[PDB]
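Asks: For reference, the file model-v9.pdb (PDB, C-alpha atoms) is included below:
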```pdb
ATOM      1  CA  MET A   1     100.944  51.727 158.641
ATOM      2  CA  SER A   2     100.378  48.179 157.467
ATOM      3  CA  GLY A   3      97.119  46.574 156.491
ATOM      4  CA  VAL A   4      96.085  49.735 154.642
ATOM      5  CA  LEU A   5      96.202  50.904 151.034
ATOM      6  CA  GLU A   6      96.382  54.448 149.698
ATOM      7  CA  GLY A   7      94.302  55.837 146.850
ATOM      8  CA  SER A   8      94.649  58.720 144.449
ATOM      9  CA  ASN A   9      94.606  62.321 145.632
ATOM     10  CA  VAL A  10      92.489  63.591 142.735
ATOM     11  CA  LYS A  11      90.352  66.350 144.171
ATOM     12  CA  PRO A  12      87.122  66.092 142.157
ATOM     13  CA  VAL A  13      85.875  69.606 142.878
ATOM     14  CA  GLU A  14      88.963  71.328 141.499
ATOM     15  CA  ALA A  15      88.860  68.999 138.490
ATOM     16  CA  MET A  16      85.218  69.925 137.861
ATOM     17  CA  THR A  17      85.877  73.650 138.107
ATOM     18  CA  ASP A  18      88.968  73.223 135.924
ATOM     19  CA  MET A  19      86.927  71.501 133.220
ATOM     20  CA  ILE A  20      84.239  74.192 133.304
ATOM     21  CA  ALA A  21      86.887  76.906 133.087
ATOM     22  CA  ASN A  22      88.585  75.120 130.196
ATOM     23  CA  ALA A  23      85.371  74.881 128.202
ATOM     24  CA  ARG A  24      84.529  78.548 128.671
ATOM     25  CA  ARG A  25      88.076  79.665 127.873
ATOM     26  CA  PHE A  26      88.059  77.549 124.711
ATOM     27  CA  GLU A  27      84.889  79.140 123.419
ATOM     28  CA  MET A  28      86.121  82.663 124.170
ATOM     29  CA  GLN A  29      89.173  81.852 122.048
ATOM     30  CA  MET A  30      86.868  80.577 119.312
ATOM     31  CA  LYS A  31      85.068  83.918 119.242
ATOM     32  CA  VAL A  32      88.400  85.719 118.943
ATOM     33  CA  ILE A  33      89.344  83.476 116.012
ATOM     34  CA  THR A  34      86.015  84.081 114.282
ATOM     35  CA  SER A  35      86.321  87.846 114.587
ATOM     36  CA  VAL A  36      89.897  87.848 113.268
ATOM     37  CA  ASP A  37      88.932  85.683 110.296
ATOM     38  CA  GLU A  38      86.046  87.871 109.329
ATOM     39  CA  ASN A  39      88.224  90.966 109.747
ATOM     40  CA  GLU A  40      90.774  89.608 107.288
ATOM     41  CA  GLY A  41      87.885  88.788 104.986
ATOM     42  CA  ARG A  42      86.607  92.359 105.032
ATOM     43  CA  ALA A  43      90.083  93.805 104.672
ATOM     44  CA  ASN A  44      91.080  91.806 101.633
ATOM     45  CA  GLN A  45      88.851  94.115  99.565
ATOM     46  CA  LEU A  46      91.293  97.022  99.787
ATOM     47  CA  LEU A  47      93.537  95.612  97.082
ATOM     48  CA  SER A  48      90.948  95.721  94.278
ATOM     49  CA  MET A  49      90.635  98.245  91.433
TER      50      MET A  49
ATOM     51  CA  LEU B   1     115.690 116.401  73.060
ATOM     52  CA  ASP B   2     112.535 114.368  73.750
ATOM     53  CA  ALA B   3     113.614 113.792  77.346
ATOM     54  CA  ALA B   4     110.577 115.785  78.479
ATOM     55  CA  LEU B   5     108.783 112.502  79.223
ATOM     56  CA  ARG B   6     111.748 111.112  81.155
ATOM     57  CA  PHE B   7     110.544 112.069  84.620
ATOM     58  CA  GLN B   8     107.117 110.449  84.466
ATOM     59  CA  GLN B   9     108.478 107.489  82.505
ATOM     60  CA  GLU B  10     111.070 106.702  85.166
ATOM     61  CA  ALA B  11     108.496 107.368  87.880
ATOM     62  CA  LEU B  12     106.111 104.890  86.274
ATOM     63  CA  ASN B  13     108.879 102.299  85.963
ATOM     64  CA  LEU B  14     109.751 102.692  89.637
ATOM     65  CA  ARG B  15     106.056 102.405  90.486
ATOM     66  CA  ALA B  16     105.914  99.104  88.612
ATOM     67  CA  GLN B  17     108.971  97.876  90.494
ATOM     68  CA  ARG B  18     107.355  98.837  93.796
ATOM     69  CA  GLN B  19     104.221  96.952  92.759
ATOM     70  CA  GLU B  20     106.388  93.884  92.227
ATOM     71  CA  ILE B  21     108.014  94.346  95.637
ATOM     72  CA  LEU B  22     104.679  94.683  97.419
ATOM     73  CA  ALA B  23     103.223  91.670  95.618
ATOM     74  CA  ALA B  24     106.224  89.701  96.849
ATOM     75  CA  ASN B  25     105.415  90.976 100.336
ATOM     76  CA  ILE B  26     101.841  89.717 100.114
ATOM     77  CA  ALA B  27     102.998  86.382  98.707
ATOM     78  CA  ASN B  28     105.510  85.804 101.498
ATOM     79  CA  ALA B  29     103.101  87.030 104.179
ATOM     80  CA  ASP B  30     103.294  83.518 105.679
ATOM     81  CA  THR B  31     106.850  82.264 105.188
ATOM     82  CA  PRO B  32     108.647  82.218 108.553
ATOM     83  CA  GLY B  33     111.292  84.887 109.012
ATOM     84  CA  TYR B  34     110.705  87.008 105.919
ATOM     85  CA  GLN B  35     111.543  90.552 107.095
ATOM     86  CA  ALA B  36     109.239  92.524 104.791
ATOM     87  CA  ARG B  37     110.939  94.937 102.400
ATOM     88  CA  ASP B  38     110.114  98.164 100.580
ATOM     89  CA  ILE B  39     111.770 100.969  98.641
ATOM     90  CA  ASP B  40     111.666 104.722  99.178
ATOM     91  CA  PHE B  41     109.943 106.004  96.062
ATOM     92  CA  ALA B  42     111.051 109.634  96.308
ATOM     93  CA  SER B  43     114.733 108.921  96.909
ATOM     94  CA  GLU B  44     114.918 106.271  94.202
ATOM     95  CA  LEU B  45     113.176 108.540  91.694
ATOM     96  CA  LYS B  46     115.631 111.339  92.409
ATOM     97  CA  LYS B  47     118.527 108.891  92.130
ATOM     98  CA  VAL B  48     117.347 107.613  88.744
ATOM     99  CA  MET B  49     116.789 111.167  87.491
ATOM    100  CA  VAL B  50     120.271 112.364  88.440
ATOM    101  CA  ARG B  51     122.099 109.411  86.880
ATOM    102  CA  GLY B  52     119.751 106.989  85.094
ATOM    103  CA  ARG B  53     119.260 103.210  85.154
ATOM    104  CA  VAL B  54     117.629 100.251  93.997
ATOM    105  CA  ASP B  55     118.370  99.189  97.559
ATOM    106  CA  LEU B  56     115.711  97.067  99.243
ATOM    107  CA  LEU B  57     115.230  98.689 102.621
ATOM    108  CA  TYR B  58     113.529  96.755 105.405
ATOM    109  CA  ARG B  59     110.060  97.823 106.454
ATOM    110  CA  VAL B  60     110.374  98.601 110.160
ATOM    111  CA  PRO B  61     108.195  96.016 111.913
ATOM    112  CA  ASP B  62     105.455  96.251 114.468
ATOM    113  CA  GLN B  63     103.839  93.415 116.371
ATOM    114  CA  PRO B  64     106.335  90.520 116.647
ATOM    115  CA  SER B  65     105.205  87.001 115.790
ATOM    116  CA  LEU B  66     107.745  84.227 116.792
ATOM    117  CA  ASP B  67     107.968  83.054 113.202
ATOM    118  CA  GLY B  68     110.253  85.959 112.388
ATOM    119  CA  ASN B  69     107.761  87.113 109.781
ATOM    120  CA  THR B  70     107.317  90.869 109.838
ATOM    121  CA  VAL B  71     104.866  91.373 106.975
ATOM    122  CA  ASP B  72     102.140  93.296 108.795
ATOM    123  CA  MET B  73      99.373  92.745 106.312
ATOM    124  CA  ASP B  74      97.374  95.930 106.926
ATOM    125  CA  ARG B  75     100.296  98.214 106.115
ATOM    126  CA  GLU B  76     100.995  96.181 102.990
ATOM    127  CA  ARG B  77      97.375  96.432 101.847
ATOM    128  CA  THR B  78      97.316 100.203 102.253
ATOM    129  CA  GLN B  79     100.671 100.601 100.517
ATOM    130  CA  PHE B  80      99.637  98.323  97.658
ATOM    131  CA  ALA B  81      96.467 100.340  97.116
ATOM    132  CA  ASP B  82      98.452 103.582  97.216
ATOM    133  CA  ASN B  83     100.996 102.278  94.729
ATOM    134  CA  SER B  84      98.330 101.054  92.334
ATOM    135  CA  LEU B  85      96.572 104.418  92.455
ATOM    136  CA  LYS B  86      99.818 106.304  91.880
ATOM    137  CA  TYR B  87     100.638 104.015  88.958
ATOM    138  CA  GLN B  88      97.293 104.805  87.353
ATOM    139  CA  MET B  89      97.977 108.494  87.940
ATOM    140  CA  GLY B  90     101.321 108.179  86.202
ATOM    141  CA  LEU B  91      99.592 106.470  83.306
ATOM    142  CA  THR B  92      97.151 109.362  83.022
ATOM    143  CA  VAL B  93      99.908 111.988  83.225
ATOM    144  CA  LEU B  94     102.068 110.321  80.571
ATOM    145  CA  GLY B  95      98.985 109.869  78.438
ATOM    146  CA  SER B  96      98.198 113.556  78.749
ATOM    147  CA  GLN B  97     101.728 114.586  77.787
ATOM    148  CA  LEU B  98     101.711 112.304  74.745
ATOM    149  CA  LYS B  99      98.211 113.443  73.769
ATOM    150  CA  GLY B 100      99.401 117.038  73.980
ATOM    151  CA  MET B 101     102.570 116.400  72.003
ATOM    152  CA  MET B 102     100.615 114.653  69.253
ATOM    153  CA  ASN B 103      97.824 117.234  69.335
ATOM    154  CA  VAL B 104     100.196 120.142  68.751
ATOM    155  CA  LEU B 105     101.717 118.189  65.914
ATOM    156  CA  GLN B 106      98.925 117.228  63.514
TER     157      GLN B 106
END
```
Go ahead and render the structure in this file as structure tokens.
Replies:
Amino acid sequence: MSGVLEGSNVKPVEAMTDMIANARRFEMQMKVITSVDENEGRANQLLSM
Amino acid sequence: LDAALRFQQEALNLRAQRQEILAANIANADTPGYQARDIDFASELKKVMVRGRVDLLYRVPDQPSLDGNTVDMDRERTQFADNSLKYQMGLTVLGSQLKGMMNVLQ
């Protein structure tokens, strides 16, 4: 079909929901990392005495 | 004679060797593909009592990691604490035997 151009098929709604999901997933992972760090911190006191 | 201290002396030496092994475990708790090791204290003590002056068995792993490393730090911490406590016990027992032998004497 001549006389016509074609744009990008970037669905903005799925991109928006993807970004929201990514942010929330990232911060859940950050909580996991924090808990594991502080666990190792507590546990490294077994080796004393 | 005076081989009445032999058992605890060899036990204490093997305890020191196991301390060294477990410290190596802790040190290499991050090197990829380490395959944590240990020794069986009872069997090695019996072997050194029957003959005198130690195969490094492999600690069976849990929880794979993709770096090959199998030092599972919690087990190593508990075992290190146990070994240190048993070493101090051996020190106290040898001390008591030597105290007794030098108490009877003078």
Asks: Check what the PyMOL selection byres ((chain B and resi 14) around 12) selects in the file above and give those residues as a short mmCIF file (atom, residue, chain, number, x, y, z; two decimals) with C-alpha atoms, keeping the file's coordinate frame.
Replies:
```
data_model
loop_
_atom_site.label_atom_id
_atom_site.label_comp_id
_atom_site.auth_asym_id
_atom_site.auth_seq_id
_atom_site.Cartn_x
_atom_site.Cartn_y
_atom_site.Cartn_z
CA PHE B 7 110.54 112.07 84.62
CA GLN B 8 107.12 110.45 84.47
CA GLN B 9 108.48 107.49 82.50
CA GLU B 10 111.07 106.70 85.17
CA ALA B 11 108.50 107.37 87.88
CA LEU B 12 106.11 104.89 86.27
CA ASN B 13 108.88 102.30 85.96
CA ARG B 15 106.06 102.40 90.49
CA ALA B 16 105.91 99.10 88.61
CA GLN B 17 108.97 97.88 90.49
CA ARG B 18 107.36 98.84 93.80
CA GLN B 19 104.22 96.95 92.76
CA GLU B 20 106.39 93.88 92.23
CA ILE B 21 108.01 94.35 95.64
CA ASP B 38 110.11 98.16 100.58
CA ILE B 39 111.77 100.97 98.64
CA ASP B 40 111.67 104.72 99.18
CA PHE B 41 109.94 106.00 96.06
CA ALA B 42 111.05 109.63 96.31
CA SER B 43 114.73 108.92 96.91
CA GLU B 44 114.92 106.27 94.20
CA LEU B 45 113.18 108.54 91.69
CA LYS B 46 115.63 111.34 92.41
CA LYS B 47 118.53 108.89 92.13
CA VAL B 48 117.35 107.61 88.74
CA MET B 49 116.79 111.17 87.49
CA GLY B 52 119.75 106.99 85.09
CA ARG B 53 119.26 103.21 85.15
CA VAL B 54 117.63 100.25 94.00
CA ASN B 83 101.00 102.28 94.73
CA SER B 84 98.33 101.05 92.33
CA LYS B 86 99.82 106.30 91.88
CA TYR B 87 100.64 104.02 88.96
CA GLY B 90 101.32 108.18 86.20
#
```
Asks: Given a cut-off of 8 Å, which residues of chain A touch chain B, counting only C-alpha atoms, written out as a compact mmCIF listing (two decimals) with C-alpha atoms, in the coordinates of the input?
Replies:
```
# COMPACT_ATOMS: atom_id res chain seq x y z
CA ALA A 43 90.08 93.80 104.67
CA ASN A 44 91.08 91.81 101.63
CA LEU A 46 91.29 97.02 99.79
CA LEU A 47 93.54 95.61 97.08
CA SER A 48 90.95 95.72 94.28
```
Asks: Can you tell me how far CA of residue 71 in chain B sits from CA of residue 35 in chain A, in Å to one decimal?
Replies: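 Separation of CA of residue 71 in chain B and CA of residue 35 in chain A: 20.4 Å.
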Asks: One decimal, Å: what's the distance from CA of residue 40 in chain A over to CA of residue 35 in chain B, could you say?
Replies: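 CA of residue 35 in chain B lies at a distance of 20.8 Å from CA of residue 40 in chain A.
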Asks: Listed atoms of range 1-9 of chain A, axis-aligned box, 4 Å per side: centre and edge lengths to one decimal in Å, as lines of an AutoDock Vina configuration file?
Replies:
```
center_x = 97.6
center_y = 54.4
center_z = 151.5
size_x = 14.6
size_y = 23.7
size_z = 22.2
```
Asks: Applying the PyMOL selection byres ((chain B and resi 57) around 9) to the file I just gave you, which residues come out? Please list them as a PDB file with C-alpha atoms, in the frame of the given file.
Replies:
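For reference, expr_11.pdb as written:
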```pdb
ATOM      1  CA  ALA B  36     109.239  92.524 104.791  1.00  0.00           C
ATOM      2  CA  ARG B  37     110.939  94.937 102.400  1.00  0.00           C
ATOM      3  CA  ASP B  38     110.114  98.164 100.580  1.00  0.00           C
ATOM      4  CA  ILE B  39     111.770 100.969  98.641  1.00  0.00           C
ATOM      5  CA  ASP B  40     111.666 104.722  99.178  1.00  0.00           C
ATOM      6  CA  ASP B  55     118.370  99.189  97.559  1.00  0.00           C
ATOM      7  CA  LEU B  56     115.711  97.067  99.243  1.00  0.00           C
ATOM      8  CA  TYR B  58     113.529  96.755 105.405  1.00  0.00           C
ATOM      9  CA  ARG B  59     110.060  97.823 106.454  1.00  0.00           C
ATOM     10  CA  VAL B  60     110.374  98.601 110.160  1.00  0.00           C
TER      11      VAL B  60
END
```
Asks: Could you tell me how far CA of residue 32 in chain B sits from CA of residue 69 in chain B, in Å to one decimal place?
Replies: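 CA of residue 32 in chain B lies at a distance of 5.1 Å from CA of residue 69 in chain B.
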